[PDB]
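Below: the structure, in C-alpha cells.
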Amino acid sequence: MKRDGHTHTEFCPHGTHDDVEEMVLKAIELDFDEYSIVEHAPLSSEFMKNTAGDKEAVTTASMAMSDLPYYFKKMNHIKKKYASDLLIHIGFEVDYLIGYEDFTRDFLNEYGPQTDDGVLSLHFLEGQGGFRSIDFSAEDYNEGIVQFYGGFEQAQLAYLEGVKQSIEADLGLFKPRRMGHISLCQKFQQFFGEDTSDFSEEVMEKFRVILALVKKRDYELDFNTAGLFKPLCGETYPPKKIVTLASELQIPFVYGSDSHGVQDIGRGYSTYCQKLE
Ligand SMILES: [Co+2]
Ligand SMILES: [Mn+2]
Ligand SMILES: [Mn+2]
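Numbering (my numbering), first residue to last: 10 to 286.
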C-alpha cells in the first residue's frame, strides 16, 4: 500500500498556497492510494496573547476559526471527487499547547466528529518572553529556546518533555493517536553544529520513556520526511536509531511528506521504505 498521513492545503497561511486539488492529482500520479489532509488547527486566542519571538510564527501558524466551515466544505468536495482513485482522510495537525489542554479538548470535542485522521504535534515551548516557536527559524529558535534552556541538549530535553506531555494528555475521544515529527528539535541542527550522531545518554533515555508510553497508549508515529528538505536539518523525524527502537516495540509508522505544495508530494518516500527495513 502507499499512504501519506501528513499534508497541508491552501488553508495554510505559511504554505505555497497551491490548491489541494493539484496536490491530490500529483499524489495519484505517484501511485498513492491513501492521503490525509491534516491542516493546522486554529490556535487558542488566549495562547496567542502569551507569545514572544517573530510574530509571523504565530500570525501565519494556522487558519482562523471562521475558515473551518470553508476548509471542511473544500476538503469533503476533493475527497468525493477523487474517491475512485485515492482514499482521502480529513482532519487536523493539532498543536499540543502546554497549559491550554482545556482549549484543545473543547476544539476536538466540537470538530472531532467531522474528521477521519489526525496528527498531534508540538511546535511551541515556553521560552524568552513567553511561548516561542521550535520550527520558525534557526535564529528565532536560538534566541527563544536554546539560549532560554541553556544549550542545544537542554532544548532537546525540554522539547521531549513537551512530547511526553502530549502523549499523556487527556484531550478526549477525538485526540489524534499519531504523534507528529517527534524530533522537531533537530530542524536547525546544523546551525548549532549538532547532528543525530551524538544524542546524549539522557536524550536517549527520554526517547525510550516516550516510545514505551506510545506503545502502552497504542499510538503511532508520523515518519516525517520534511527534515530531509530543510537546509539546516538533513534528517527524517525521527532518525534511524529512534525508528529501530520504535519498530522493535512494534509501534506503527505512517509516512508523512508534510507537503505544503505540489513539489513536496512523495518527497523522501524511498527513504521511508528503506529506513523501516
Ligand atoms: Co505539518
Ligand atoms: Mn505547516
Ligand atoms: Mn508540524
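The beta-carbon is built from N, C-alpha and C at its ideal position, and this holds for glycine as well.
| query | Out of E43, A73 and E65, which has the shortest C-alpha to C-alpha gap to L52? | reply | Along the sequence shown, read from residue 1 onward, the residue named residue 52 stands at position 43. If we check each option's Cα against that of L52, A73 comes out closest.
| query | Taking only runs of the beta strand (DSSP E) that begin and end inside the segment 39–118, which ones reach a length of at least 3 residues, in chain order? | reply | If we require 3 residues or more, the beta strand (DSSP E) runs fully inside the segment 39–118 come out as 43–49 and 96–104.
| query | How is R217 classed by DSSP in three states: helix, strand or coil? | reply | Sequence index remark: in the sequence shown, residue 217 carries index 208 (1-based). Helix at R217.
| task | Kindly give me the distance between the Cβ atoms of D28 and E19, rounded to whole angstroms, as I take these residues to be in contact under 8 Å. | result | Stepping through the sequence shown from its first residue, residue 28 is reached at position 19. Stepping through the sequence shown from its first residue, residue 19 is reached at position 10. The pair is a contact, with the Cβ atoms about 6 Å apart (cut-off 8 Å).
| task | Can you have a look at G136 and say buried or exposed, based on whether 16 or more other CB atoms are within 10 angstroms of its CB? | result | The residue labelled residue 136 in the question sits at position 127 within the sequence shown. Buried is the call here.
| request: Under 7 Å Cβ to Cβ from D204, same chain only, skipping five residues before and after it: list those, please. | output: On the sequence shown, residue 204 is found 195 positions in, with the first residue counted as 1. Taken in chain order, the residues that qualify are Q198.
| query | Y168 by DSSP, collapsed to three states: which one? | reply | On the sequence shown, position 159 is the one that residue 168 refers to. Assignment of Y168 by DSSP, reduced to helix, strand and coil, places it in the helix class.
| message | According to DSSP, is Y228 part of a helix, a strand, or is it coil? | response | The count along the sequence shown starts at 1 and reaches residue 228 at position 219. Three-state DSSP puts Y228 in coil, outside helix and strand.
| field | Residues proximal to ligand 2 by C-beta, any heavy atom closer than 6 Å | value | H17, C21, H23, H49 and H269
| request: Mind checking which residues open and close the beta strand (DSSP E) that includes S142? | output: Reading the sequence shown from its first residue, position 133 is the one you call residue 142. Where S142 is concerned, the enclosing beta strand (DSSP E) stretches over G139 to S142.
| request: Count the other C-beta atoms from every protein chain shown that fall within 10 angstroms of the C-beta of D125, then say buried if there are 16 or more, exposed otherwise. | output: Taking the sequence shown and counting its residues from 1, the one referred to as residue 125 is at position 116. Under the 10 Å beta carbon count, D125 is surrounded by fewer than 16 other beta carbons and is classified as exposed.
| query | My guess is that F232 and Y278 are in contact by the Cβ rule of under 8 Å, so how many angstroms apart are they, rounded? | reply | Sequence index remark: in the sequence shown, residue 232 carries index 223 (1-based). Sequence index remark: in the sequence shown, residue 278 carries index 269 (1-based). Wrong, their Cβ atoms sit about 10 Å apart, outside the cutoff.
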